[PDB]
Every structure is written in structure tokens, then in C-alpha cells.
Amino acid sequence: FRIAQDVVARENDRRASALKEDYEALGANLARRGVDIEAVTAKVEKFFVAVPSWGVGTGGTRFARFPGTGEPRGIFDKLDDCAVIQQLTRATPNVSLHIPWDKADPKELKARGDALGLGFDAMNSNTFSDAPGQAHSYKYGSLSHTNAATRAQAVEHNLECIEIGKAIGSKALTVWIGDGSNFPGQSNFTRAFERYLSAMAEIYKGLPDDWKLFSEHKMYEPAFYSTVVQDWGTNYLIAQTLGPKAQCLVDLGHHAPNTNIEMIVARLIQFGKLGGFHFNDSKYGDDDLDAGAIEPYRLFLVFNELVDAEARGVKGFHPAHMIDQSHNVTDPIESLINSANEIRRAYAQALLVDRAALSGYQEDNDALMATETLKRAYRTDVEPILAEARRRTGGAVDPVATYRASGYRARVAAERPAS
């Protein structure tokens, strides 16, 4: 146990009384609205989102990085830190690794995971930066690089990622690359894409029967003129070309200004190519901010699309949900804890939507009541539900408060040497 059980216990008790009042008040209110709060809590307590191994360390920009105390020394420290997130929120049972950063004996990763009660989610390849000994630089691209040998080196790396995942329990490989151009003319848009498709078809051949290959679009950064996998359109073209095992990943902050992201999710779902969602928030570009911190309503509107799919009865729909954020000015663990919470919060509120009444207002083109029906769920403070979900599953009524009372950060700060 990363966090002393007696600490969690003391902290949960101190708030039990206040929780009981708010929850029961919310229960009565929901009952008046025809909603059984227990059924909502039952679903919330089982909603999981993956945590990125690389999100537990302090992030930075190209201008600087301001690390905090007790920064994780390697993958094992990161897993230890992810264990804290899961223990307190019970919403992040799985960890998503990034190779080569997390490269290590699979036997040992698995054992650490099992020992911590953590599982492993989608693997993540890295051909957007050069590693030591690398025979070919990824400066001008990787999977779509004009140099065949360079593309072969990227393919092999993705295949290795799969092998590693096969040994630890992972069932998918996420592929995000920087490939693109910074100057008009530097790249032949069409040929660069074909090279990419060619390299991806090879990675696809290495997929086990029950694995999936996720391609992730991004409007820009690191490329500032054009990007091979720039949007969901090109993303869909990829998944449809590769095969049943290939699907699209939608990362919130990877879209052009004012883009209607919730629609893209719907479109993808409609054609069964929504492989998963990468949560975070933003205001300007791919800011990778804590989910819900900037536009909480948009987060709820993304989930509205997710829940409506289930309501419509879409078949074999098990999206892979992962958090992909950067924490440049907060305790990484704390931001992940509250981000995971916002996600559960948006999900919970989406469950509160009266689809029946909604279905009616849409039919009569009653735009105002349709929107109001959505707002009634969104405006509901579901915090009590989230808190109760944690209590029942061994988590903390107030995760961050409990995290701070345990003095965890100071503990690891004294154990881990800064570099």
C-alpha cells in the first residue's frame, strides 16, 4: 500500500457525515427526476481511464522544465506513483507504457504491476525523438521518412513495442508520430502519406488476433506547416485501409481552433473506427492541460456521444480511454487524480441525461428543451456520487486531501535523488 490505509480511513471518516448528507440529498433529488442514484454509482465505480506512465513526472515546454521534488527515477518509480492514483481514485487500474522510456524486462514490469494491483493498457511507440545507437535519425520523419531504411527502423521499433506488450498483458499499440513538414514544398503530401500507409500495413501484420492498432491525428506540433496524420479524416482513411484491427484515437487538444470535437467522435463511432479517446483540456493548442480545467462542458458533450452510442446499442464498442497530459506547474499525481475525477464526473452527468425526453425534443425540433435536457444533467453536482464510489472501492472521499495528509510527496522526495 503506497498510502497508509489508516490515513485513508481517518480521512474518509472525517468527511463521512458531510458525504452522507450531500449524497442522500442528491439521491432524493434524482429520485424526483426518475433516476436511481445507486444505478449511477454502480456504473461510475466501474469506469476506468488509463494513466500514462510519462504523466507522473513533471512536464515542460521548449523554453524550460521546472521539476518538483521526488521526481520518479524510472519506470518502477512511475508505476509506484500510478499506484497512488489508483488507490485513491480507483479509476485508473491500468497503466499505459511508452517505449523506449519504459523499456525494461517484461517479467519485472508485470511483477511490479501485479504487486501494485495495476494492469497494463495500450503500448506507445516513440519515433518522434532519437535514442542512442539509432542508425537513422527521425529528424525528417520516421514511418513516412523518404529513406526506406529509416522506415524499416521505425517499423521494427513498433513491432518490438508489441512484443513487450504481449509479455505484460497489453492488447493494443498506439501510434503517434511527429512526421510532417515545416515548409511548403518540403514534402509531397501524397507520397509521404503513402509511405506512412506502407509502413503501417507492416506493423499491422504483426498484430495478434486480439490486438488493435490505434493511429492518432494531430493538426500540428512538432511540424508547423503540414502533418501526415493531421486530422480525423486522414485518420479514418488510415484505419479503413489497414483493416478491422486498426482504429482512430481522438486526443482533445489535437484539433484546429473551434473544431466541434464531439461530432468527430460520433462520426468515428458511426463507422466503427473510434478506437479510443485521449483526455486532457486546452485553450490554445495541444496544451495538454488537466481534463475539465478549461472547458468542462465540452468534456461532458464528448461523453454524451459515448453514452448515446450505448443507448443506440452500438455493437462491440469498447473504446480505449487514456489520459494524455503534461503537468508543468502542479504535483503530477495530484493533477492526474483530479483529472481522472473530472472524467468520471463528465461520465456520471452524461448518465443522468434523460434520453427519452431528449429523443422527443429532437424529433419535434424543440432546440431549447433539447439543450435544456442536456443542461439538467450537466448542472447536477455529481461529486457525492464520485466520492461514494471511491468509499465503496477502497478509495478516498477526497483523494488530493488524503494524498496530502499522507505526506507521500515528501516521502518520495527524500528517497529519490534529483538529477
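Residue indices: 1-based, along the sequence shown.
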65-73 versus 347-355 - which carries the larger mean C-alpha B factor in the record: 65-73
With reference to the PDB entry, specify whether the mean Cα temperature factor is higher for 156-164 or for 191-199. 156-164
With respect to the C-alpha temperature factors reported in the PDB entry, which of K110, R298, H145, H255 ranks highest? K110
From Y284, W176, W101, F224, which pick has the Cα B-factor that tops the rest in the entry? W101
Using the B-factor values recorded in the entry, state whether the Cα atom of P208 falls in the lowest, middle or highest third among the modelled residues of its chain. highest
Among the chain's modelled residues, which third holds the C-alpha B-factor of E310? highest
Sort the modelled residues of this chain by their C-alpha B factor and say whether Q134 lands in the lowest, middle or highest third. highest
Ranking the modelled residues of this chain by C-alpha B-factor as given in the entry, is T371 in the lowest, middle or highest third? lowest
Is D105 in the lowest, middle or highest third of its chain when residues are ranked by C-alpha B-factor? highest
